[PDB]
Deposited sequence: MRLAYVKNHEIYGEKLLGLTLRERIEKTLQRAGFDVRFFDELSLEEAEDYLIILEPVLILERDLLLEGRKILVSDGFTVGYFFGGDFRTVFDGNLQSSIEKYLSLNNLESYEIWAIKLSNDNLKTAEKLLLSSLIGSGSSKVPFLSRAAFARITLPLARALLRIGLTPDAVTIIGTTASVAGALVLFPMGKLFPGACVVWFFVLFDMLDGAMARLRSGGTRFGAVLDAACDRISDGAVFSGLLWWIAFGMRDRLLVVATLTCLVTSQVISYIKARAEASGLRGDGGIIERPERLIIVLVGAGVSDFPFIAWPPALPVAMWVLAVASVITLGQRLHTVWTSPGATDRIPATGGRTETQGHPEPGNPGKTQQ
């Protein structure tokens, strides 16, 4: 049903980390559900999908999801094409002319794949990238990049997007949470936290960000977390009138601020301060899911808000210790000044 036509190249005969690039790309495409056909002159068997790979490439993605009609790209180089079966009606023997005709007749999008075009002079980089791949950031890039392109094209800048997302998140948190609309507040806050995350991709498309932009993005993270926790606290203290839960919420707020501060300050002194069980994404998911479940339409479970807040509280205290341990074990930490 799915055929992957790979053009034979000289470098696919080279070995890399025990296996040849030929078998490597073959198994990679087979994992993606493709039947692999190497070729020198293209003969289009009847299929529903065609993945045609013309340049020699090492694919660095484990899970490859291809749909629609796309041009696969990698660092600006056009790796291959993902066409429908209808391309057989346009393929007239001359591959370049058929490809150009098909691109003129159809709507195609670009598909940024984590891969590297193989040449005689970059195989060491291919080895390094394969090791990096073996340890989804690639799927994150493949989703964020078109949105970043669109936002840049309508005149937005990465820092502007940071401020927009942070302002919308604080507005949602401080408006919807105090009046008890925990589920729509959780949705709005999550949407605009994801929105604020786009500034990095936008700066990558501008061939570079700035240090001020990074500092602004992080300080805005702190502002947004403070606002989420403050709006939840307002609801818990004055809506629910729950003193124990206020204790948990104040603990969550202060500890999340200090957890981020430890990493920042350790790096300011030239040390490490990262780590911990609960970082910002897990922290936001636990509190927002707890708030959303507590106000879910029709079948809300109100105890989800306290359970999330208490678990996070303990999970934050522990993290605060863990990061301190990181600072304590960083080289030069106990060095005398």
Just jot down which stretches of the deposited chain sequence have no CA coordinates, in the order they come. 136 to 145, 348 to 370
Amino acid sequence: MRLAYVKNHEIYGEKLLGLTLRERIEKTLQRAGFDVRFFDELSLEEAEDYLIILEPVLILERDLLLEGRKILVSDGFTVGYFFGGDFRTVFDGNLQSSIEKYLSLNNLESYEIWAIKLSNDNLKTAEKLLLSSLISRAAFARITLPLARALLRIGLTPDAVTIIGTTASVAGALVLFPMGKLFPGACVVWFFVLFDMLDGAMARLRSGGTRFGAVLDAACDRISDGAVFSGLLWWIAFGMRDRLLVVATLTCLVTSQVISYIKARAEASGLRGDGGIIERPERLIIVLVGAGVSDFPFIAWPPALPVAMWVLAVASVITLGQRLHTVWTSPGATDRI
From here on, numbers count along this sequence of modelled residues.
Per the entry, where is the mean C-alpha temperature factor higher: 313 to 321 or 20 to 28? 20 to 28
For 295 to 303 versus 60 to 68, entry-based mean Cα B-factors point to 60 to 68
Name the one of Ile53, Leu44, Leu288, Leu271 with the greatest CA B-factor according to the PDB entry. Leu44
Out of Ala227, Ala150, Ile113, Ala266, which residue has the highest Cα temperature factor in the PDB record? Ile113
Within this chain's modelled residues, let me know which third the CA B factor of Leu245 belongs to: lowest, middle or highest. middle
Taking the entry's C-alpha B-factors for this chain, is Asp199 in the lowest, middle or highest third? middle
Where does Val90 sit by CA temperature factor within its chain: lowest, middle or highest third? highest
Determine, from the deposited record, the chain-internal third of the Cα B-factor for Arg137: lowest, middle or highest. highest
Temperature factor at the Cα of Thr125, chain-ranked in thirds, falls in the highest
